[PDB]
Amino acid sequence: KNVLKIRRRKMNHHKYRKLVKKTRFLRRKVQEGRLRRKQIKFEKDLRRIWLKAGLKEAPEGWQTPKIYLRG
Amino acid sequence: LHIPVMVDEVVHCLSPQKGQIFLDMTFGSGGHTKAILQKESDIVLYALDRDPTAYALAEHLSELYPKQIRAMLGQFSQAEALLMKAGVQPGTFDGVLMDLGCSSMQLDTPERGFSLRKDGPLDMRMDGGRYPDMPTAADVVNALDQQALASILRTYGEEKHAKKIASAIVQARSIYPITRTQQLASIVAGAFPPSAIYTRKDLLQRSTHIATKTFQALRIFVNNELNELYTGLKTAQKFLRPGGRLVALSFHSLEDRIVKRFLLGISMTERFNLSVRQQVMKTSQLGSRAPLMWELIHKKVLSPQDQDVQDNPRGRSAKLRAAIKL
RNA sequence: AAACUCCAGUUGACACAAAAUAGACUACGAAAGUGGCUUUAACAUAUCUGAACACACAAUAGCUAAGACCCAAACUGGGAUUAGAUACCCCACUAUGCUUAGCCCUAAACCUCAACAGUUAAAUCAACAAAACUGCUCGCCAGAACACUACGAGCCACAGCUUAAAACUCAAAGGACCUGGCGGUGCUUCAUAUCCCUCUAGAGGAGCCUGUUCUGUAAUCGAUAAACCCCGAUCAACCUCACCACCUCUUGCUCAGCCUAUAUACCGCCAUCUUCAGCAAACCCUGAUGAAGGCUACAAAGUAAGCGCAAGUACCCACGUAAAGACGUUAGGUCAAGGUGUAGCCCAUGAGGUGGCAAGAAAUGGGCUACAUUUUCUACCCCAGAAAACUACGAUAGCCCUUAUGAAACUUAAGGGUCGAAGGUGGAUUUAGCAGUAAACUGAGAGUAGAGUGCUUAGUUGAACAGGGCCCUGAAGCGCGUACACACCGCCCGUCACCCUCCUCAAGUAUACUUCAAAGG
Ligand SMILES: Nc1ncnc2c1ncn2[C@@H]1O[C@H](CSCC[C@H](N)C(=O)O)[C@@H](O)[C@H]1O
Ligand SMILES: [K+]
Ligand SMILES: [K+]
Ligand SMILES: [K+]
Ligand SMILES: [K+]
Ligand SMILES: [K+]
Ligand SMILES: [K+]
Ligand SMILES: [K+]
Ligand SMILES: [K+]
Ligand SMILES: [K+]
Ligand SMILES: [Mg+2]
Ligand SMILES: [Mg+2]
Ligand SMILES: [Mg+2]
Ligand SMILES: [Mg+2]
Ligand SMILES: [Mg+2]
Ligand SMILES: [Mg+2]
Ligand SMILES: [Mg+2]
Ligand SMILES: [Mg+2]
Ligand SMILES: [Mg+2]
Ligand SMILES: [Mg+2]
Ligand SMILES: [Mg+2]
Ligand SMILES: [Mg+2]
Ligand SMILES: [Mg+2]
Ligand SMILES: [Mg+2]
Ligand SMILES: [Mg+2]
Ligand SMILES: [Mg+2]
Ligand SMILES: [Mg+2]
Ligand SMILES: [Mg+2]
Ligand SMILES: [Mg+2]
Ligand SMILES: [Mg+2]
Ligand SMILES: [Mg+2]
Ligand SMILES: [Mg+2]
Ligand SMILES: [Mg+2]
Ligand SMILES: [Mg+2]
Ligand SMILES: [Mg+2]
Ligand SMILES: [Mg+2]
Ligand SMILES: [Mg+2]
Ligand SMILES: [Mg+2]
Ligand SMILES: [Mg+2]
Ligand SMILES: [Mg+2]
Ligand SMILES: [Mg+2]
Ligand SMILES: [Mg+2]
Ligand SMILES: [Mg+2]
Ligand SMILES: [Mg+2]
Ligand SMILES: [Mg+2]
Ligand SMILES: [Mg+2]
Ligand SMILES: [Mg+2]
């Protein structure tokens with residue numbers, strides 16, 4: 001058979017890889033900011049829980065971990 | 001002002017020294033010829049040009065050095081006869097500096113017709129009326145048929161759109177005579193959509209007019225620079241001393257090939273840009289080069305320094321091919 | 001070329017690399033994978049189905065760390081080719097391929113066939129692939145493109161993977177097959193005066209003749225690559241004549257006229273392939289009654305007729321040469337042979353008279369005559385004598401004078417005189433010819449009052465070569481591929497600071513909007 005459908009996908013993937021290459025430093029700064037907000041959004045969800053349960057502070061000895069950092 | 005292209009290399013390359021006689025087949029403005037009469041005060045030099053205006057400059061500049069520079073006028077083909085009248089048939093010329101292309105003065109003066117940007121008569125002829133019957137670019141475009149004119153553009157201009165740019169010229173000439181540079185430039189642009197006027201780019205990646213390949217094409221067919229270049233090199237060889245350093249300067253591929261294929265013996269009828277794969281395929285069919293007469297001082301073509309290119313963009317494409325006769 | 005020259009050859013010693021032959025076998029394993037030898041362990045389930053995410057795996061490439069390193073090798077350096085750079089080629093060498101310990105989790109990971117069970121009778125079946133189906137279950141799909149993308153989420157992944165949209169946009173996108181076209185497509189055999197070489201005489205150089213082009217002119221038209229160019233013309237001093245200038249006529253030689261436009265409305269007569277052998281009907285049969293196809297002679301679905309070829313006829317045979325040569329191709333040629341559709345003129349685009357143009361700065365086609373000794377002149381029609389280089393060969397040209405035709409002749413033709421030029425056998429290229437031909441020479445005819453170096457045609461003398469090939473040219477047969485069909489001068493893809501539509505991200509910054517009391521003392 002022909003390979004015209006494969007060729008369309010080939011070009012799409014090539015241009016995508018080429019776009020990612022050109023903007024890989026901007027995309028890295030954007031990804032970092034998203035992970036920071038993701039961590040903040042997670043921290044708020046846990047604070048909402050203990051606050052809606054009647055507690056005024058986090059459970060004694062509880063520290064919310066950083067679950068989105070590369071480390 | 002136009003600094004002589006690669007003057008530092010050409011001076012070192014020829015190493016002009018006392019007791020050596022040199023020739024210059026393209027005096028033009030004389031910047032190179034003067035740079036050579038500065039390093040060695042005891043040098044002997046001969047000049048030549050196709051432009052009588054260039055030959056007058058040499059005559060006026062001969063006052064600076066009475067006999068160290070000898071001015072001559074004529075084409076490369078006519079150079080041997082002109083120099084043969086002097087009687088230096090063996091010549092024993094230590095070096096022949098065959099600078100190529102159009103002179104800075106020739107294309108800086110709009111009257112000469114070489115500049116598309118300015119408005120001058122469509123002469124585009126290095127000859128300065130020394131032969132008043134020599135056809136000018138205006139004559140070439142108004143006479144030749146589409147097939148004939150297209151070949152001029154295709155072979156000499158390296159122009160893909162030879163049929164498209166030639167048809168526009170044929171139609172335009174019928175409406176009115178093509179006699180001015182801007183008139184032609186507009187006709188060539190009219191073969192393409194209006195935006196095409198500056199779509200094309202140079203190797204410098206700066207926009208160029210869409211007719212910069214028709215001004216070069218006609219320039220080389222009016223002045224027969226390519227055929228005259230083959231005889232010019234041959235004549236230099238006959239008049240060049242054994243052990244004498246030749247130095248050429250090729251600003252475009254067509255002239256560069258001839259200098260390459262002459263200093264290396266390669267047949268002029270071979271295919272261009274032959275790859276190693278094609279070379280194997282060519283010789284495999286036959287299965288079923290002569291001794292070189294030169295020693296290339298620098299094996300690979302030199303080129304202008306990138307910093308110097310910006311200062312003198314006209315000379316960006318200057319490819320210097322040096323050789324010693326064998 | 002560079003590189004190497006503690007290089008190369010023989011011999012011996014010598015691996016953490018890779019595993020000829022067997023293997024023409026088609027086995028093992030869930031898949032990925034697994035083909036040197038040995039040993040140990042060892043290849044789940046006594047109903048089936050059952051996951052993007054649970055569980056465990058998963059080629060190649062890749063990451064992290066530590067080792068090995070023969071060979072290979074992205075990358076890189078050098079050499080070469082190249083107008084030049086990269087690549088293709090050569091040399092050297094690295095990541096990597098290996099081992100170990102962790103990751104990463106992708107493939108055209110494809111028998112492109114989900115697992116299990118059953119059937120071969122029905123209809124065999126859109127097509128192709130891989131004979132057609134039934135039961136049952138899970139997974140998945142619902143126009144193209146956007147999109148292996150965006151956002152969200154998860155992940156040892158950080159230029160990553162998995163899952164996976166919408167807006168704007170379009171009337172298609174797509175699958176299979178057939179035909180055609182095309183292929184820098186395969187093989188095969190070819191052209192017979194031919195594609196090339198080979199044979200003979202030429203053209204291309206000179207002058208002249210003649211056509212065309214260009215230019216010129218107040219002054220036609222048509223033909224105009226093959227298939228125009230001594231072509232319509234077997235023919236222009238007036239006439240012819242359709243052209244130009246001037247003058248004249250108006251029911252006009254005609255129950256008017258128009259050589260006005262349109263050959264891209266036509267008839268008529270033709271060019272061209274054709275130096276072809278095919279074309280168009282009436283039937284029949286195959287393919288499930290799809291587009292399509294239809295031959296095997298020890299014959300298997302084709303056939304009774306028409307046109308062309310063929311036959312026959314003309315010329316001197318049955319040979320040859322003529323003639324013939326369909327359909328179709330080039331909207332080929334001709335409205336100016338005549339006729340004619342349509343449109344236009346009618347005091348003028350019609351009709352008549354007078355005079356006039358029909359040239360050459362040139363370029364080019366065809367022809368003629370030459371450049372001579374196989375010749376030149378004379379006699380003769382083949383046993384001769386002279387000529388034979390600046391008084392030779394060579395004008396059919398120029399000039400001058402006669403004659404012929406005509407009312408009209410510097411002009412047309414013939415003859416004489418004078419003149420004695422270029423030319424010294426012609427580059428690329430190119431034409432014709434297979435035998436009574438080419439070549440050479442001689443006569444006649446058509447048409448005119450006269451007029452061609454043109455045309456048609458009769459005769460005379462009379463050769464050489466005919467083999468060998470397939471780059472180019474074109475042809476045929478049997479194939480292969482095809483995203484082209486406006487048919488490769490095709491089509492599509494990427495690219496670009498022109499444009500509008502839509503979407504996403506995003507710094508900080510405010511802006512409203514939602515939530516609390518669905519509580520406690
Ligand atoms: N065939 C030829 N014979 C002689 N001179 C030629 C020529 N083709 C070109 N030329 C001349 O050579 C020169 C080349 S360009 C000028 C270069 C000169 N050395 C200078 O002083 O700048 C021009 O003057 C040009 O007119
Ligand atoms: K083995
Ligand atoms: K094997
Ligand atoms: K497969
Ligand atoms: K085909
Ligand atoms: K000739
Ligand atoms: K016709
Ligand atoms: K007619
Ligand atoms: K008509
Ligand atoms: K001729
Ligand atoms: Mg795309
Ligand atoms: Mg070496
Ligand atoms: Mg199961
Ligand atoms: Mg599921
Ligand atoms: Mg599964
Ligand atoms: Mg998966
Ligand atoms: Mg893996
Ligand atoms: Mg690895
Ligand atoms: Mg190696
Ligand atoms: Mg290594
Ligand atoms: Mg191993
Ligand atoms: Mg596989
Ligand atoms: Mg299953
Ligand atoms: Mg079927
Ligand atoms: Mg869809
Ligand atoms: Mg992918
Ligand atoms: Mg993704
Ligand atoms: Mg994301
Ligand atoms: Mg001639
Ligand atoms: Mg004419
Ligand atoms: Mg015409
Ligand atoms: Mg016509
Ligand atoms: Mg034609
Ligand atoms: Mg008259
Ligand atoms: Mg007349
Ligand atoms: Mg008339
Ligand atoms: Mg016609
Ligand atoms: Mg008979
Ligand atoms: Mg016969
Ligand atoms: Mg005939
Ligand atoms: Mg017949
Ligand atoms: Mg026509
Ligand atoms: Mg008529
Ligand atoms: Mg009239
Ligand atoms: Mg004489
Ligand atoms: Mg005479
Ligand atoms: Mg008379």
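Sequence lines set the chain letters: A, B, ... in the order given, protein chains first and strands last, and positions in each chain run from 1. Heavy atoms only: backbone and side chains are in, while hydrogens, waters and symmetry mates are out.
- Across every strand in view, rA444(C) sits in a pair with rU456(C) that passes the Watson-Crick or G-U test at under 3.5 angstrom.
- Base pairing of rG174(C) is not made with any nucleotide, judged by Watson-Crick or G-U wobble geometry with both donor-acceptor distances under 3.5 Å.
- Taking side-chain N and O atoms only, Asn12(A) has no distance below 4.0 Å to OP1 or OP2 of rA145(C).
- The CZ-P distance, from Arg70(A) to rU64(C), rounds to 10 Å in whole Å.
- Here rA61(C) sits opposite no nucleotide as a Watson-Crick or G-U wobble pair (both hydrogen-bonding atom distances under 3.5 Å).
- Rounded to whole Å, the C1' atom of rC229(C) lies 41 Å from the corresponding atom of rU254(C).
- Judged by ring centres closer than 5.5 Å and planes tilted by less than 30°, the bases of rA277(C) and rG278(C) are not stacked on each other.
- Heavy atoms of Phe272(B) sit under 4.0 angstrom from primed sugar atoms or phosphate atoms, though from no base atom.
- Bases of consecutive nucleotides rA497(C) and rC498(C) are unstacked, their six-membered rings not being centred less than 5.5 Å apart at a plane angle below 30°.
- Applying the 4.0 Å criterion to OP1 and OP2 of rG160(C), one finds that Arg17(A) has a side-chain N or O inside that range.
- Using a cutoff of 4.0 Å between basic side-chain nitrogens and carboxylate oxygens, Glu159(B) and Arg200(B) are scored as salt-bridged.
- Between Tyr198(B) and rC498(C) there is no side-chain polar atom (N or O) within less than 4.0 angstrom of OP1 or OP2.
- Counting heavy-atom neighbours within 6.0 Å of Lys44(A) NZ, excluding the residue itself, gives a total of 12 or less.
- Contact annotation: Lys300(B) side-chain N/O to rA85(C) OP1/OP2 distance is under 4.0 Å.
- With a cut-off of 3.5 Å on both pairing distances, the Watson-Crick or G-U wobble partner of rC400(C) is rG416(C).
- For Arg9(A), the side-chain atoms get nearest to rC148(C) when compared with the rest of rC148(C), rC146(C), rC505(C).
- Near RNA chain C, defined here as any heavy-atom distance below 4.0 Å, the residues from residues 32-52 of chain A are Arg34(A), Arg37(A), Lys38(A), listed numerically.
- Side chain of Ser288(B) to backbone of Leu286(B): a donor-acceptor contact under 3.5 angstrom is found.
- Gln78(B) approaches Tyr131(B) most closely through the heavy-atom pair OE1-OH, 3.0 Å.
- Residue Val280(B) is out of contact with every strand shown, counting any heavy-atom pair closer than 4.0 Å.
- Taking the centre and axis of the six-membered ring of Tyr230(B), the NZ or CZ atom of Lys234(B) falls inside the cone set by 45° and 6.0 Å.
- Pucker annotation for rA18(C) reads north, on the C3'-endo side, since its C1'-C2'-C3'-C4' dihedral is above zero.
- Nucleotides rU212(C) and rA363(C) satisfy the base-pair criterion: a Watson-Crick or G-U wobble arrangement whose two donor-acceptor distances both fall under 3.5 Å.
- Annotated as not stacked: the bases of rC43(C) and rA44(C), by the 5.5 Å centre and 30° plane rule.
- At least one donor-acceptor pair closer than 3.5 Å links the side chain of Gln39(A) to the backbone N or O of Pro65(A).
- Closest to the side chain of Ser275(B), out of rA483(C), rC88(C), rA83(C), is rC88(C).
- Base pairing annotation: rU81(C) forms no Watson-Crick or G-U wobble pair, as no partner gives both donor-acceptor distances under 3.5 Å.
- A salt bridge is defined here as a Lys NZ or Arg NE, NH1 or NH2 lying under 4.0 Å from an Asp or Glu carboxylate O, and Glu111(B) with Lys118(B) fails to meet this definition.
- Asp108(B) has a carboxylate O that lies under 4.0 Å from a charged side-chain N of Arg314(B), or vice versa, which qualifies the two as a salt bridge.
- Residue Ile266(B) is classed as a sugar-phosphate contact, given heavy-atom separations below 4.0 Å to backbone atoms only.
- Separation of the P atoms belonging to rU217(C) and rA358(C) is 13 Å when rounded to the nearest angstrom.
- Entry note: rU264(C) and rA318(C) fail the pairing test, Watson-Crick or G-U wobble at under 3.5 angstrom for both distances.
- Applying a 4.0 Å cut-off to non-hydrogen atoms, none of the residues of residues 132-146 of chain B approaches RNA chain C.
- Remark: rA384(C) pairs with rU378(C), satisfying the Watson-Crick or G-U wobble criterion at under 3.5 Å for both atom pairs.
- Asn273(B) comes within 4.0 angstrom of a base, heavy atoms only.
- Both distances falling under 3.5 Å, in either a Watson-Crick or a G-U wobble arrangement, place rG302(C) opposite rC283(C).
- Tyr68(A) comes within contact range of the sugar-phosphate backbone alone, with a heavy-atom separation under 4.0 Å but no base atom that close.
- Nearest to the side chain of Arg261(B), among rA150(C), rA483(C), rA83(C), sits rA83(C).
- Applying the Watson-Crick and G-U wobble criteria (two distances, each under 3.5 Å), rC28(C) pairs with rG33(C).
- Checked for salt-bridge contact, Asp51(B) and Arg112(B) meet the test: a charged N lies under 4.0 Å from a carboxylate O.
- The bases of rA413(C) and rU403(C) line up as a Watson-Crick or G-U pair, and both contact lengths stay under 3.5 Å.
- Not one side-chain nitrogen or oxygen of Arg24(A) sits closer than 4.0 Å to the OP1 or OP2 atom of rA159(C).
- A stacking criterion of 5.5 Å and 30° is met by the six-membered base rings of adjacent nucleotides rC345(C) and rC346(C).
- Using a 4.0 Å heavy-atom criterion, one finds that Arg27(A) contacts the sugar-phosphate atoms exclusively.
- Evaluation of atom-type donor-acceptor distances gives no pair under 3.5 Å for the side chain of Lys21(A) against the base of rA159(C).
- Contact annotation for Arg271(B): no contact, since no heavy-atom pair falls under 4.0 Å across all strands.
- For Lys260(B), a side-chain nitrogen or oxygen approaches OP1 or OP2 of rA83(C) to under 4.0 Å.
- Contacts of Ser195(B) with the nucleic acid, taken as non-hydrogen atoms under 4.0 Å apart, are absent.
- The nucleotide whose nearest atom lies closest to any side-chain atom of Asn2(A) is, among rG84(C), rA483(C), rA159(C), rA483(C).
- Looking only at distances, no side-chain donor or acceptor of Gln216(B) sits under 3.5 Å from a matching main-chain atom of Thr212(B).
- For the P atom pair drawn from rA265(C) and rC255(C), the interatomic distance equals 32 Å after rounding to whole Å.
- In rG252(C) the base sits syn relative to the sugar, since the glycosidic angle is no further than 90° from 0.
- Partner assigned to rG186(C) is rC478(C), using Watson-Crick or G-U wobble distances below 3.5 angstrom.
- Listed pair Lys5(A) / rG174(C) fails the phosphate criterion, with no side-chain N or O lying under 4.0 Å from OP1 or OP2.
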